[PDB]
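To start, the structure itself, in structure tokens.
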Amino acid sequence: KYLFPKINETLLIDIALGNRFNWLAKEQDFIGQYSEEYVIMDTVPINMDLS
Amino acid sequence: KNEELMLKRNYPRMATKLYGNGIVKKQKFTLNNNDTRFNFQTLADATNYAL
């Protein structure tokens, strides 16, 4: 009844967690503010009536 | 925000679940040599009783 209680070990269990989207990680250079993006609108061919 | 909060401390916080001891279990049994010979019509069956 006079001894100090002895700890035995401390574990610190740990696992890291992934992303499930890490193949989308594209890397730009952090310059500018805005970024726009655009396609070409279609243009169907025409018959030609050369009169 | 202010330019002085980078002096402020931020310790990581932990979980700390603590476990005590287990229990020691015990069982006893008693083999008699006196009255047990009044049963056990052979000698090998008493040894089988022991094992």
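Ligands are numbered from 1 in the order shown, residues from 1 within each chain, and chains are lettered A, B, ... in the order they appear in the structure tokens.
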_Select, as an MDAnalysis selection string, those residues of chain B with any atom no more than 12 Å from chain A (distances computed using only C-alpha atoms)._
chainID B and resid 14:21
_Top pick for closest residue to residue B:51, considering B:6, B:31, B:26, B:11 and counting only C-alpha atoms_ =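 Using only C-alpha atoms, the shortest distance to residue B:51 belongs to B:31.
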